[PDB]
Amino acid sequence: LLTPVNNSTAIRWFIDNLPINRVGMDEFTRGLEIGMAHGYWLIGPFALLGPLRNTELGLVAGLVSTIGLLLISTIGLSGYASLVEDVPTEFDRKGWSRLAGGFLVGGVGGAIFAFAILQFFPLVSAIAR
Amino acid sequence: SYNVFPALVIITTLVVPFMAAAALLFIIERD
Amino acid sequence: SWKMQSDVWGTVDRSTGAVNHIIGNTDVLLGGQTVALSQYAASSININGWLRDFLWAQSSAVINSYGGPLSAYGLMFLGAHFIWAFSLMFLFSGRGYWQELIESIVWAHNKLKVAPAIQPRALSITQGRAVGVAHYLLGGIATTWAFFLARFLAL
Amino acid sequence: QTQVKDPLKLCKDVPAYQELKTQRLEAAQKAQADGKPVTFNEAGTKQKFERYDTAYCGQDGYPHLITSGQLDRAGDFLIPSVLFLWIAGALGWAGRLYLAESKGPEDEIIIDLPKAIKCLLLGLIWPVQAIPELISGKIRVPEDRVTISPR
Amino acid sequence: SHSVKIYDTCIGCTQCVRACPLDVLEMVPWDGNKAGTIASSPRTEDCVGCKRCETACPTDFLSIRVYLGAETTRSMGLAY
Amino acid sequence: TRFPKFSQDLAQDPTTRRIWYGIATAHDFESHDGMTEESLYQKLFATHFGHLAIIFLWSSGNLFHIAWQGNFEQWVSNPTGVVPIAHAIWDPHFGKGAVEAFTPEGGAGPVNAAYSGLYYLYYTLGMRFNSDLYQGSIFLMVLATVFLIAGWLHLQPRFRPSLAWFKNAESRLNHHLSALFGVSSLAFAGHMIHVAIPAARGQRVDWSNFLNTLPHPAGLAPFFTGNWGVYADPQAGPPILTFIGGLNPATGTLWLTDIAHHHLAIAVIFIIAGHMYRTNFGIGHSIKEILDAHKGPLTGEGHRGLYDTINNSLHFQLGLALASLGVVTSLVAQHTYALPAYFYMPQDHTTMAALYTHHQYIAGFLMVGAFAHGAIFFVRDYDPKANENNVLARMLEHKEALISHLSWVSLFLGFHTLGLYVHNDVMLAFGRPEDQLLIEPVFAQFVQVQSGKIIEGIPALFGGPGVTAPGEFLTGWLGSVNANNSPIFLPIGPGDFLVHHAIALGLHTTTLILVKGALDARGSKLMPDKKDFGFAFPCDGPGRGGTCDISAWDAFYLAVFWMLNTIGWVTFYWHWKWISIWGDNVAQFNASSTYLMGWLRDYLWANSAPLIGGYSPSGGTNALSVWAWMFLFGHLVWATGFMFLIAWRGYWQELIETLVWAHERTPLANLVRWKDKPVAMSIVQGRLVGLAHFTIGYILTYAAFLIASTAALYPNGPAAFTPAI
Amino acid sequence: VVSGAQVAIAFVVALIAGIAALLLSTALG
Amino acid sequence: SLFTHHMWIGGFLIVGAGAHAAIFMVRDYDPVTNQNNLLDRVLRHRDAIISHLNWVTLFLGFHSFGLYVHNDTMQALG
Ligand code: CLA
Ligand code: CLA
Ligand SMILES: CC1=C(/C=C/C(C)=C/C=C/C(C)=C/C=C/C=C(C)/C=C/C=C(C)/C=C/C2=C(C)CCCC2(C)C)C(C)(C)CCC1
Ligand SMILES: CC1=C(/C=C/C(C)=C/C=C/C(C)=C/C=C/C=C(C)/C=C/C=C(C)/C=C/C2=C(C)CCCC2(C)C)C(C)(C)CCC1
Ligand SMILES: CC(C)=CCC/C(C)=C/CC/C(C)=C/CC/C(C)=C/CC1=C(C)C(=O)c2ccccc2C1=O
Ligand SMILES: CC(C)=CCC/C(C)=C\CC/C(C)=C\CC/C(C)=C/CC1=C(C)C(=O)c2ccccc2C1=O
Ligand code: SF4
Ligand code: SF4
């Protein structure tokens with residue numbers, strides 16, 4: 001069945017150029033961009049709604065929380081990668097494995113970068129004072 | 001006289017169950 | 001039932017202009033600087049509040065109804081619990097058990113010249129489901145009926 | 001734990017029965033003059049505790065029945081036992097009589113009334129017929145005419 | 001794959017063959033009954049185990065028997 | 001897909017059923033690929049070593065945590081003023097309200113109270129210091145290692161025993177009776193006399209001094225010369241072997257010197273018993289010879305063939321073992337409250353409730369499993385030729401008579417017992433409680449009077465225990481049966497009558513389901529060839545009227561509900577009768593237990609109040625908050641079981657196929673593919689998972705209710721008594 | 001009391017039971 | 001009583017609407033009458049309808065009942 005949700009052109013261009021589908025990428029750099037995206041936003045719910053949200057170490061607790069979530073997710077993805085066997089290049093076993101490695105590096109890095117922005121956003125207006 | 005090792009709780013109840021589940025995944029899905 | 005009793009229905013006092021609802025204003029500790037909310041707002045936000053403040057607290061009318069005029073509701077409350085539980089015999093089992101059990105019983109009626117010509121069969125698979133859901137619905141709905149009517153005709 | 005050496009005595013001696021007996025008679029006299037028609041009126045409640053006076057009561061004051069076969073309490077279980085087995089045996093024998101005289105399965109969903117009343121009347125005296133069929137083996141089918149399952 | 005066995009009580013009524021939604025069954029010629037035929041189960045690797053054949057069989061106790069065995073993609077009825 | 005390696009049928013399944021069924025059939029060693037009889041018994045012997053080792057590691061963990069985190073020495077110094085501690089809590093989810101609610105008064109951190117009774121066991125055995133508990137913990141861990149080594153060693157090709165070794169019934173019986181029962185009981189009498197009785201006297205005897213400490217001052221000179229009464233005589237030193245009888249009125253527990261003499265007396269009986277059967281010394285009985293001689297005229301071939309039936313069927317042996325264990329486990333429950341052995345345990349009401357309820361539920365599972373393996377025996381191991389016309393084949397031959405009469409008794413009990421409760425409920429509703437059917441339990445009061453209970457209108461038939469047990473125990477026995485605050489033969493009335501017949505209903509009905517499942521295991525009229533399909537199979541399809549739940553496994557499944565219901569009735573009755581005793585409310589029990597509203601209001605509704613107030617918006621949390629949470633958790637798990645029990649497979653399989661469609665069509669997610677095709681759980685699996693949630697939810701709910709109601713409203717009591725003369 | 005030395009001793013005894021359990025569980029499989 | 005009675009009557013009738021819609025589909029549906037009409041096109045994406053309804057019930061059940069369970073747990077934990 002062929003639907004307007006299944007068939008929009010700049011929706012097709014967007015999905016085709018997400019890092020999981022983008023032409024010319026290595027699976028590591030695919031995972032790196034995916035992890036950096038997810039780890040960045042994932043610290044938000046952990047830092048703002050977590051149990052230490054009203055203390056001064058709430059951002060640090062949300063950062064270590066996000067790293068914990070990405071590490072457990074990577075265990076599933078790296079385990080998936082060892083067991084697939086199915087298809088060539090991106091769905092290669094080594095292909096998924098490099099994506100799992102890139103995802104974790106990018107994920108933790110995206111959380112640390114989002115931590116640094118949330119911890120030091122007063123500095124962007126520090127020139128005026 | 002409150003004698004606990006919190007790191008032993010974290011390791012035995014969080015870490016090695018997730019690693020046993022990963023190990024059991026390799027056992028039941030291989031070949 | 002709970003929201004109307006806690007937030008809407010009740011009595012007014014001609015002094016203070018005070019609204020006294022049927023249930024009446026839990027204090028939430030929290031600090032411990034107490035916070036006054038209606039009982040629905042303070043207690044219905046978790047299942048233990050529904051179990052303790054709604055089901056346990058308001059069942060005191062129906063379980064104490066014996067020896068007076070709401071005692072029929074106390075009997076219906078117990079009887080509907082029974083019918084509901086009785087339904088689970090039908091819902092949880094299968095007719096192959098019951099047909100084999102009927103076989104040994106038909107043997108004893110055969111042995112004493114009391115077997116009927118209309119051969120006893122277990123209920124069909126579909127009917128056993130229909131009997132189960134009918135008694136489940138009948139028992140569950142009549143329990144709440146006895147609960148509600150004993151609660152509001154006593155207070 | 002408190003041992004009860006005397007769990008049962010006559011109800012007329014138990015003071016928790018005298019509590020209840022006066023509390024029921026006062027409710028019956030309350031509804032006789034300026035009252036409502038009740039199940040137990042004043043003469044009905046007198047006879048009720050006339051029966052319970054020579055019964056055995058516990059400490060709560062309520063009558064307790066003795067079902068050991070003892071004959072000063074034969075009205076408690078033994079006399080209702082004979083009345084049950086006669087009436088239940090009558091209904092069982094009558095269905096057994098009606099089943100043997102059945103034309104077919106249509107007699108089981110459409111009750112043949114002059115056949116049913118006659119079997120229910122003949123069932124009323126069932127031990128006139130049952131025990132001469134119970135020692136003869138006429139109450140039972142031989143074993144090679146009754147179906148069984150594999151073993 | 002399930003095992004579908006045909007026993008010697010078969011009267012050759014072909015009702016199990018018509019009942020089967022997977023064409024597991026067929027009639028071969030025989031001499032053991034008046035119809036001169038008996039059900040056979042050559043294609044039990046397509047058998048899903050639905051027991052519609054057993055439902056159609058009129059003989060006291062049945063002449064066709066399905067024994068549920070190892071499950072495959074075909075026998076589990078998977079379109080995926 | 002090589003898991004599971006023991007079943008190539010399962011290993012080639014491409015669905016998720018491969019994983020579930022590999023787990024569920026992993027311990028069914030008889031049905032595995034390539035299994036022989038000899039390799040089966042060799043695998044079992046080593047597996048049994050592993051299970052033994054787990055039991056000792058479990059016991060060493062309890063010993064370690066009580067030694068390291070408990071308050072045993074603080075409790076030994078003050079047994080009434082100190083709540084025993086199971087283990088510490090470290091839960092990072094705890095807020096400040098939960099940490100202080102579980103932290104005892106003056107305490108360092110949050111702890112769990114202990115309700116296993118281990119402190120009373122350790123104290124009565126003579127343990128007094130934490131170093132006693134720690135050396136027990138090390139010793140059981142070493143003992144666990146030895147059994148693990150033994151299991152590994154007896155898998156090596158030089159030490160794997162032959163099939164004839166495992167089937168040497170006579171030698172195993174001689175050794176298990178004489179040594180495993182007899183010598184072990186003799187050794188325990190040694191522990192009581194050398195260690196536990198002197199510790200009760202206040203004399204510390206341990207490994208450092210027990211070689212130079214006489215347990216009796218005349219030591220071992222009265223034993224060999226036959227002058228044995230010196231060990232019972234108070235003027236020849238403190239006695240070590242007595243037959244006082246009854247309970248110690250200072251403690252409310254058994255006499256320790258009676259316990260020592262009990263285990264010494266039964267050690268001699270068991271050591272003598274283990275000389276009965278013929279091993280390699282010419283003397284003794286052949287079991288096959290005893291069974292073959294016992295053939296009478298009414299029972300056909302008698303017991304002929306039963307030796308080879310039992311000795312070649314592990315499911316028969318297991319079913320016999322489970323049934324005997326289940327009877328003994330119930331006897332443990334009934335005799336632990338009636339005749340308690342452990343110091344300060346009858347004063348701990350929560351522990352007595354927990355222990356009775358634990359062992360009756362264990363006994364209920366063991367009883368159901370005994371009939372399950374009896375059913376498995378009939379499908380898998382029963383040979384009708386080798387059991388031709390014996391007592392076993394004759395059970396199957398009149399199985400319609402057995403099932404129809406069991407059906408009659410259960411209906412006979414169920415109609416009238418329910419009818420009497422409903423009669424009394426209607427009487428109470430209409431304001432006529434003197435018109436209740438209150439039947440006096442005079443047959444059971446007759447039993448009490450024969451043991452010397454003084455009940456006014458009930459006669460001692462043979463003349464009382466002065467005539468019938470004129471032993472040395474008689475003064476201490478009669479002083480304990482007729483005393484107040486004594487648990488021996490509790491006073492019973494009409495409420496006790498009605499619930500005992502409800503219990504008898506549950507026993508007969510559960511037996512009826514189990515016996516019909518075991519006797520129709522091989523076939524019925526609806527499925528005459530059922531043995532060709534095995535113990536556990538879903539159905540035989542919708543034909544012949546429909547055949548859901550026709551297997552012998554399904555009768556196990558149906559009877560678990562009835563077992564849970566029956567043990568529920570048993571443990572409800574124990575708990576309400578005892579909290580009415582502990583709470584000084586026996587008259588309320590005697591008045592309200594005769595109708596079912598009284599059970600709902602005065603037992604369930606009234607005792608739920610401290611539980612469901614375990615946490616609240618008004619008053620915060622207290623120590624009962626974990627039981628309050630578990631109580632709701634148990635309701636949730638039990639109700640989740642209903643989903644599996646009611647909504648059957650074909651609904652879920654069509655639902656899963658839409659999810660399979662959704663995954664394959666969703667961008668960024670359809671790149672991820674399952675290795676095993678998602679399918680709905682099988683028909684049998686839905687029943688098992690639904691039964692598991694039902695059962696776990698049943699047990700957790702009642703355990704949360706039983707513990708929290710007792711520990712809050714009736715936690716402690718005296719248990720001392722004044723003896724009766 | 002259970003000193004820190006005795007906790008360490010108990011884990012060494014537990015480790016030996018662990019390798020014994022490892023020997024048995026692989027001989028069983 | 002009046003609120004509860006009419007709530008029960010309304011719920012029973014809506015279930016009967018689902019029953020007789022299904023009876024229509026078994027008994028009275030005809031492919032010749034419904035060729036690429038609204039009824040035919042609903043059947044041709046029934047996997048899309050049910051899987052989205054499966055998702056939204058899981059979303060709603062997690063994000064409504066899970067709040068009650070969150071609250072039960074938070075209150076018990078102090
Ligand atoms: C002719 C009537 C009749 C007779 C003589 C019997 C006799 C018996 N039944 Mg059966 N039974 C009957 C009808 C009858 N039944 C009916 C209608 C049902 C379906 C509800 C059953 C279901 C049943 C079960 C499940 C069991 C028995 C059992 C038994 C045996 C033990 C006694 C007992 O348990 O009763 C119990 C009786 C009932 C539960 C049914 C009573 C319902 C009414 C009162 C009977 C109908 C009366 C009939 C309409 C009268 C018509 C007469 C008129 C036309 C003249 C005994 C042989 C038991 C057995 O096998 O023991 C070895 C047993 O487990 N019966
Ligand atoms: C409270 C719930 C409940 C009740 C009352 C029953 C009752 C019964 N079960 Mg069931 N069972 C249940 C739940 C229940 N079960 C559940 C959840 C399961 C798991 C699926 C089972 C599984 C099960 C099995 C496997 C077996 C039973 C059997 C029985 C019968 C046992 C014998 C007896 O007690 O006779 C007395 C009868 C009763 C107590 C039933 C109630 C009778 C009512 C009160 C009389 C109605 C009179 C009324 C005026 C008529 C209605 C008219 C109205 C429409 C106007 C009895 C009919 C067994 C059996 O069939 O034995 C022969 C049997 O083998 N049950
Ligand atoms: C509105 C809109 C939109 C959007 C949406 C969204 C959803 C977004 C999101 C976004 C996001 C979500 C973002 C993120 C970002 C991120 C980042 C920016 C990151 C960074 C990182 C980093 C920088 C890191 C680094 C590191 C480290 C630190 C260490 C390690 C290594 C590494 C390198 C990794 C669209 C376009 C569709 C359309 C239009 C509209
Ligand atoms: C099915 C089956 C099975 C099973 C079975 C079972 C499970 C059983 C059970 C059974 C049981 C469960 C039984 C029990 C019984 C018991 C008894 C039999 C007891 C008795 C006792 C007595 C009688 C005592 C007496 C006395 C008294 C009471 C008091 C006084 C003293 C004296 C001691 C005298 C098997 C496996 C085999 C196989 C086949 C099939
Ligand atoms: C074990 C392992 C490797 C886990 C890996 C990690 C994973 C994926 C955990 C996930 C586990 C779960 C929750 C799997 C969903 C279970 C399912 C198909 C339930 C639907 C279903 C219901 C509700 C019934 O009532 C029912 C009744 C009778 C027969 C069949 C059924 C039936 O099918
Ligand atoms: C006017 C009047 C009321 C006259 C009395 C009328 C006369 C003469 C007899 C009365 C028979 C009647 C009314 C009922 C018996 C029905 C029966 C065989 C129940 C057993 C059974 C149970 C317990 C299940 O759970 C189950 C689950 C799933 C599928 C099948 C079954 C199943 O079959
Ligand atoms: S079980 Fe179903 S598919 Fe298999 S032969 Fe029978 S009818 Fe055909
Ligand atoms: S197996 Fe049964 S249905 Fe098939 S041809 Fe033979 S008799 Fe007919």
# chains A, B, ... in the order shown; residues from 1 in each chain; ligands from 1

$ residues_around --residues "residue A:35" --least-positions-apart "5" --cutoff "7 Å" --atoms "only C-alpha atoms" --output "PyMOL selection string"
chain A and resi 103-104+106-107+110

$ interface_residues --of "chain F" --to "chain C" --cutoff "8 Å" --atoms "only C-alpha atoms" --output "number ranges by chain"
F: 399-401, 403-404, 407, 425-426, 428-431, 516, 520, 524-526, 539, 545-551, 554-555, 558, 596-597, 600-601, 605, 612-613, 616-620, 632, 645-646

$ write_last_selection --atoms "N, CA and C atoms" --output "short mmCIF file (atom, residue, chain, number, x, y, z; two decimals), in the first residue's frame"
data_model
loop_
_atom_site.label_atom_id
_atom_site.label_comp_id
_atom_site.auth_asym_id
_atom_site.auth_seq_id
_atom_site.Cartn_x
_atom_site.Cartn_y
_atom_site.Cartn_z
N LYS F 399 -11.49 -47.30 37.95
CA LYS F 399 -11.21 -45.87 38.06
C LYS F 399 -12.47 -45.02 37.93
N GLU F 400 -13.50 -45.50 37.25
CA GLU F 400 -14.76 -44.76 37.22
C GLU F 400 -15.46 -44.82 38.57
N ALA F 401 -15.26 -45.90 39.33
CA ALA F 401 -15.82 -45.96 40.67
C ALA F 401 -15.10 -45.02 41.61
N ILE F 403 -13.44 -42.15 40.74
CA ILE F 403 -13.66 -40.76 40.38
C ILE F 403 -15.09 -40.34 40.71
N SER F 404 -16.07 -41.22 40.48
CA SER F 404 -17.46 -40.86 40.74
C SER F 404 -17.76 -40.77 42.23
N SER F 407 -16.08 -37.59 43.31
CA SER F 407 -16.98 -36.53 42.87
C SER F 407 -18.17 -36.41 43.81
N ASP F 425 -25.24 -16.89 57.48
CA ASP F 425 -25.13 -15.51 56.99
C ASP F 425 -26.50 -14.86 56.83
N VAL F 426 -27.48 -15.61 56.34
CA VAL F 426 -28.83 -15.07 56.19
C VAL F 426 -29.46 -14.83 57.56
N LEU F 428 -27.82 -14.05 60.36
CA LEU F 428 -27.20 -12.85 60.91
C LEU F 428 -27.74 -11.59 60.26
N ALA F 429 -27.98 -11.65 58.94
CA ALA F 429 -28.51 -10.50 58.21
C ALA F 429 -29.91 -10.14 58.68
N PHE F 430 -30.73 -11.13 58.98
CA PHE F 430 -32.10 -10.91 59.40
C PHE F 430 -32.25 -10.75 60.90
N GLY F 431 -31.14 -10.63 61.63
CA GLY F 431 -31.19 -10.43 63.06
C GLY F 431 -31.61 -11.64 63.86
N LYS F 516 -8.20 -38.10 38.99
CA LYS F 516 -8.77 -38.21 37.65
C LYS F 516 -7.73 -37.92 36.58
N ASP F 520 -7.04 -40.95 34.28
CA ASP F 520 -7.30 -40.73 32.86
C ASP F 520 -6.06 -40.26 32.10
N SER F 524 -9.20 -41.85 27.93
CA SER F 524 -10.58 -41.72 28.37
C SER F 524 -11.49 -42.09 27.19
N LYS F 525 -12.79 -41.85 27.32
CA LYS F 525 -13.67 -42.05 26.17
C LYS F 525 -13.47 -40.97 25.12
N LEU F 526 -13.19 -39.74 25.56
CA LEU F 526 -13.00 -38.64 24.62
C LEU F 526 -11.67 -38.76 23.89
N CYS F 539 -4.38 -29.87 23.64
CA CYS F 539 -5.73 -30.35 23.40
C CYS F 539 -5.64 -31.38 22.29
N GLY F 545 -16.75 -32.46 20.00
CA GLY F 545 -17.28 -31.55 20.97
C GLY F 545 -16.31 -30.49 21.45
N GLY F 546 -15.01 -30.71 21.31
CA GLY F 546 -13.99 -29.81 21.79
C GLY F 546 -13.25 -30.44 22.96
N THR F 547 -11.93 -30.26 22.99
CA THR F 547 -11.11 -31.05 23.90
C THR F 547 -10.06 -30.22 24.64
N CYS F 548 -10.36 -28.96 24.96
CA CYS F 548 -9.42 -28.14 25.73
C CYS F 548 -9.22 -28.72 27.12
N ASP F 549 -7.98 -28.68 27.59
CA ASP F 549 -7.59 -29.09 28.95
C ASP F 549 -7.85 -30.57 29.20
N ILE F 550 -7.55 -31.40 28.20
CA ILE F 550 -7.79 -32.84 28.31
C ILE F 550 -6.57 -33.61 28.81
N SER F 551 -5.39 -33.00 28.82
CA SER F 551 -4.18 -33.71 29.20
C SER F 551 -4.10 -33.87 30.71
N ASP F 554 -3.01 -30.74 32.37
CA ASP F 554 -4.05 -29.76 32.63
C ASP F 554 -4.79 -30.04 33.92
N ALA F 555 -4.85 -31.30 34.33
CA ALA F 555 -5.40 -31.61 35.64
C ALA F 555 -4.48 -31.17 36.77
N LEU F 558 -5.29 -27.36 36.92
CA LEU F 558 -6.55 -27.09 37.59
C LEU F 558 -6.46 -27.33 39.09
N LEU F 596 -19.86 -16.16 56.78
CA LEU F 596 -18.78 -15.72 55.92
C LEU F 596 -18.55 -14.21 55.94
N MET F 597 -19.54 -13.42 56.35
CA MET F 597 -19.30 -11.99 56.55
C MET F 597 -18.35 -11.74 57.71
N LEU F 600 -15.01 -12.02 56.37
CA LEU F 600 -14.66 -10.88 55.54
C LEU F 600 -14.38 -9.65 56.39
N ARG F 601 -15.26 -9.38 57.36
CA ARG F 601 -15.12 -8.17 58.15
C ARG F 601 -14.08 -8.33 59.25
N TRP F 605 -10.98 -7.54 56.67
CA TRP F 605 -11.09 -6.08 56.67
C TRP F 605 -10.38 -5.46 57.87
N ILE F 612 -2.36 -1.57 54.91
CA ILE F 612 -2.61 -0.53 53.92
C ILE F 612 -2.36 0.88 54.45
N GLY F 613 -2.10 1.03 55.74
CA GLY F 613 -1.60 2.28 56.26
C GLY F 613 -0.09 2.27 56.36
N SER F 616 1.25 6.46 53.42
CA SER F 616 0.05 7.28 53.27
C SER F 616 0.47 8.72 53.09
N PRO F 617 -0.35 9.55 52.45
CA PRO F 617 -0.01 10.98 52.37
C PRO F 617 -0.06 11.68 53.72
N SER F 618 -0.87 11.20 54.66
CA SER F 618 -1.03 11.89 55.93
C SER F 618 0.12 11.59 56.89
N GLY F 619 0.48 10.32 57.03
CA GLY F 619 1.44 9.90 58.02
C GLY F 619 2.78 9.40 57.53
N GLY F 620 3.12 9.61 56.26
CA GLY F 620 4.42 9.18 55.77
C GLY F 620 4.48 7.67 55.61
N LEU F 632 0.17 -4.88 47.38
CA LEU F 632 -0.36 -4.38 46.12
C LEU F 632 0.30 -5.06 44.93
N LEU F 645 -4.78 -16.56 31.63
CA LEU F 645 -5.73 -17.64 31.86
C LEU F 645 -7.02 -17.47 31.06
N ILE F 646 -7.38 -16.25 30.69
CA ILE F 646 -8.67 -15.98 30.04
C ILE F 646 -8.50 -15.73 28.54
#

$ select_by_dssp --residues "stretch 35-185 of chain F" --states "strand (DSSP E)" --output "PyMOL selection string"
chain F and resi 85-88+111-113

$ closest_residue --among "F:657, F:676, F:540, F:383" --to "ligand 7" --atoms "only C-alpha atoms and all ligand atoms"
F:540

$ residues_around --residues "residue F:670" --least-positions-apart "2" --cutoff "12 Å" --atoms "only C-alpha atoms" --output "VMD selection string"
(chain A and resid 20 91) or (chain F and resid 659 to 668 672 to 674)

$ write_last_selection --atoms "N, CA and C atoms" --output "tab-separated table (two decimals), in the first residue's frame"
chain	number	residue	atom	x	y	z
A	20	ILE	N	22.14	7.05	9.52
A	20	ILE	CA	21.99	5.62	9.31
A	20	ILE	C	21.82	5.27	7.83
A	91	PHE	N	24.87	-3.63	7.10
A	91	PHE	CA	24.37	-4.71	7.94
A	91	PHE	C	25.33	-5.88	7.96
F	659	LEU	N	2.09	-6.35	14.73
F	659	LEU	CA	3.34	-5.77	15.23
F	659	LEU	C	4.52	-6.15	14.35
F	660	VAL	N	4.52	-7.38	13.83
F	660	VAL	CA	5.56	-7.81	12.90
F	660	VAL	C	5.49	-6.98	11.62
F	661	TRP	N	4.27	-6.70	11.15
F	661	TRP	CA	4.08	-5.80	10.01
F	661	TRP	C	4.61	-4.41	10.32
F	662	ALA	N	4.29	-3.88	11.50
F	662	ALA	CA	4.67	-2.53	11.87
F	662	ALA	C	6.18	-2.37	11.95
F	663	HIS	N	6.87	-3.37	12.49
F	663	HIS	CA	8.32	-3.29	12.61
F	663	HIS	C	8.98	-3.29	11.24
F	664	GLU	N	8.51	-4.15	10.34
F	664	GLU	CA	9.11	-4.27	9.02
F	664	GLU	C	8.85	-3.06	8.14
F	665	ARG	N	7.83	-2.27	8.44
F	665	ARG	CA	7.50	-1.09	7.64
F	665	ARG	C	7.95	0.22	8.28
F	666	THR	N	8.52	0.19	9.47
F	666	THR	CA	8.88	1.44	10.15
F	666	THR	C	10.31	1.83	9.78
F	667	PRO	N	10.53	3.03	9.23
F	667	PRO	CA	11.90	3.46	8.93
F	667	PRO	C	12.74	3.64	10.18
F	668	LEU	N	14.04	3.34	10.02
F	668	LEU	CA	15.15	3.32	10.98
F	668	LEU	C	15.06	2.15	11.95
F	672	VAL	N	16.78	-3.12	11.95
F	672	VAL	CA	16.99	-4.09	13.00
F	672	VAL	C	16.01	-5.24	12.82
F	673	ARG	N	16.52	-6.46	12.76
F	673	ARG	CA	15.70	-7.63	12.51
F	673	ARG	C	15.91	-8.66	13.60
F	674	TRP	N	14.83	-9.33	13.99
F	674	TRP	CA	14.93	-10.44	14.93
F	674	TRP	C	15.63	-11.63	14.29

$ residues_around --residues "residue F:372" --least-positions-apart "4" --cutoff "12 Å" --atoms "only C-alpha atoms" --output "PyMOL selection string"
chain F and resi 315-316+318-320+322-323+365-368+376-379+511+513-519+521+535-536+551-560

$ select_by_dssp --residues "stretch 29-59 of chain C" --states "helix (DSSP H, G or I)" --output "PyMOL selection string"
chain C and resi 39-43+47-58

$ atom_distance --atom1 "atom 26 (C, counted along the ligand's line) of ligand 5" --atom2 "atom CA of residue E:77"
17.5 Å

$ residues_near_ligand --ligand "ligand 5" --cutoff "7 Å" --atoms "only C-alpha atoms and all ligand atoms" --output "PyMOL selection string"
(chain B and resi 25) or (chain F and resi 19-20+643-645+647-649+652-653+679-683+685-687)

$ write_last_selection --atoms "C-alpha atoms" --output "mmCIF file, in the first residue's frame"
data_model
loop_
_atom_site.group_PDB
_atom_site.id
_atom_site.type_symbol
_atom_site.label_atom_id
_atom_site.label_comp_id
_atom_site.auth_asym_id
_atom_site.auth_seq_id
_atom_site.Cartn_x
_atom_site.Cartn_y
_atom_site.Cartn_z
ATOM 1 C CA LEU B 25 21.836 -13.910 24.643
ATOM 2 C CA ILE F 19 13.827 -20.385 23.692
ATOM 3 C CA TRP F 20 10.833 -20.939 25.997
ATOM 4 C CA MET F 643 -4.949 -12.230 31.274
ATOM 5 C CA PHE F 644 -3.054 -15.399 30.372
ATOM 6 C CA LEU F 645 -5.731 -17.641 31.864
ATOM 7 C CA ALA F 647 -7.359 -14.494 26.766
ATOM 8 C CA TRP F 648 -6.034 -17.463 24.818
ATOM 9 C CA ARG F 649 -3.438 -17.767 22.092
ATOM 10 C CA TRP F 652 -2.418 -12.719 20.643
ATOM 11 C CA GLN F 653 -0.968 -14.350 17.527
ATOM 12 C CA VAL F 679 5.135 -15.823 17.907
ATOM 13 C CA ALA F 680 2.538 -15.894 20.641
ATOM 14 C CA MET F 681 3.240 -18.212 23.566
ATOM 15 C CA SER F 682 1.980 -21.759 23.104
ATOM 16 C CA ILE F 683 -1.361 -22.946 24.494
ATOM 17 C CA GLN F 685 2.731 -22.022 28.006
ATOM 18 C CA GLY F 686 -0.147 -19.574 28.409
ATOM 19 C CA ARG F 687 -1.639 -21.826 31.078
#

$ residues_near_ligand --ligand "ligand 1" --cutoff "6 Å" --atoms "only C-alpha atoms and all ligand atoms" --output "list in words"
residues 105, 108, 109 and 114 of chain C; 92, 93, 94, 95, 96, 98, 116, 119 and 120 of chain D; 404, 405, 407 and 408 of chain F
